[PDB]
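Coming up is one lone chain in structure tokens, specifically the form deposited in one PDB entry.
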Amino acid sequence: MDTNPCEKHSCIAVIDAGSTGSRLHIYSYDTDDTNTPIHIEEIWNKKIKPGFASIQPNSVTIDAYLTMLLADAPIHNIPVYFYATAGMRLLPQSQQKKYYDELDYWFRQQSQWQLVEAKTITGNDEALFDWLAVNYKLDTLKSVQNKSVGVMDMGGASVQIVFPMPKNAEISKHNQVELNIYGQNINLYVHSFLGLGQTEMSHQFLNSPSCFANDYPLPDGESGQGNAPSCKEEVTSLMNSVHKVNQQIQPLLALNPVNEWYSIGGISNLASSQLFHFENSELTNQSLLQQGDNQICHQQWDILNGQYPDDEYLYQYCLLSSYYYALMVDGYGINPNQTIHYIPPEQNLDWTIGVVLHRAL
């Protein structure tokens, strides 16, 4: 990296305004012959909590939030994209408008940041950016691939799945994207499931004793008595009986097999806990469920709590092991022994590189 990279290269700011927090990235890049970004490098990152949608939108609270997120950035005289995801999608457009009206005003009140767009993106666009960001980092975009790379993003309020699929006129145009990048033509199936992110899904199982460690105090006064296969079946009812994940996804994946799966989001944080044993930043769903069942679900809560003081989400590890299995295996139909790569959480790889690439197509 150069000293003062934005005096030597193009730079752009992209803000991921997710359900659990907002993440500013500033990227330097160069461009090739088509003015498409290459050599994308993150030169600044700042993550804040809580999520944008969780604040009361008024001039004071928006100024405080945006100052916290942006003020200390090393460079401000650059284009900014503020793209909110599933947290804002939980609100009707009428309620979201207050937020963007205050946000727009704040940007127009200052003279450095160059706001390009501030909006809530659909889960389908978020999926598209998920796939581009991961494939950029894998360096699979430059050339036509021998194998199919699928991406899953596990968020707080939505989950996305995205994989290559030729154009299919029987499938909604909203769930398909054709792009041309680096002179290659790519057709993807995209899908997002709102309500199936970890925070929203969890709020339907907090009184399920099979979903918590033994003796964990459930909110309505019963005790945990964890059993991951049992908890997973409860979560599968939400996946399939309610959202119809399997009916929508499995027929398409059967016909458009994915050779390598990469996942980003909460699953990376779970799989990185010392309660689990994984190698090479990959897991299988069978191993995740069995480890969660044995090391959390059937263990005593007060012991676990004192033993893992740094795992903030420890109380949900039995649930979350069961939930990722329910989603991937019973929902998407992925084999429980199939390798799932998870991107290390220290990489802070979200979908925002996707925006850098996609705005110039």
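For every residue, the number given is its place in the sequence shown, counted from 1. In this text, the rigid core denotes the largest set of C-alpha atoms whose superposition between the two forms falls within 1.5 Å.
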Query - Mean Cα B-factor comparison, 74-82 or 188-196, giving the higher one as deposited - result: 74-82
Query raised in the report: Which is higher in the entry, the mean Cα B factor of 57-65 or that of 295-303?
Result: 57-65
Query raised in the report: Among 224, 183, 164, 265, which residue carries the highest C-alpha B-factor recorded in the PDB entry?
Result: 183
Query - Member of 213, 270, 231, 255 with the greatest C-alpha B factor (per the PDB record) - result: 255
Report task. Would you mind checking where the Cα B-factor of residue 158 ranks among the modelled residues of its chain, as the lowest, middle or highest third? Result -> lowest
Report task. Report the third (lowest, middle or highest) to which the CA temperature factor of residue 285 belongs, ranking only the modelled residues of the same chain. Result -> lowest
Requested in this report: Select lowest, middle or highest to describe the third in which the CA B-factor of residue 18 falls within its chain in this entry.
Outcome: lowest
Query raised in the report: Lowest, middle or highest third: where is residue 328 by Cα B-factor in its chain?
Result: lowest
Requested in this report: Pull the Cα B-factor of residue 202 out of the PDB entry and bin it into the chain's lowest, middle or highest third.
Outcome: lowest
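What comes next is about the form deposited in another entry, which is not displayed.
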Report task. Shifts of 2 Å or more in the Cα, rigid core superposed between the shown form and the other one, apply to only one of 122, 148, 281, 77; name it. Result -> 77
Query raised in the report: Does the C-alpha of residue 59 move 2 Å or more between the shown form and the other one once the rigid core is lined up?
Result: yes
Requested in this report: Spell out whether the Cα of residue 111 moves at least 2 Å between the shown form and the other one when the two forms are superposed on their rigid core.
Outcome: yes
Query - Residue shift check between the shown form and the other one, rigid core fit, residue 333 Cα at least 2 Å - result: no
Report summary line: Per the comparison in the other form, the residue 49 and residue 292 C-alpha atoms (change 3 Å or more) are positioned farther
Query - Closer or farther: C-alpha pair residue 184/residue 34 in the other form, relative to this form, given a change of 3 Å or more - result: closer
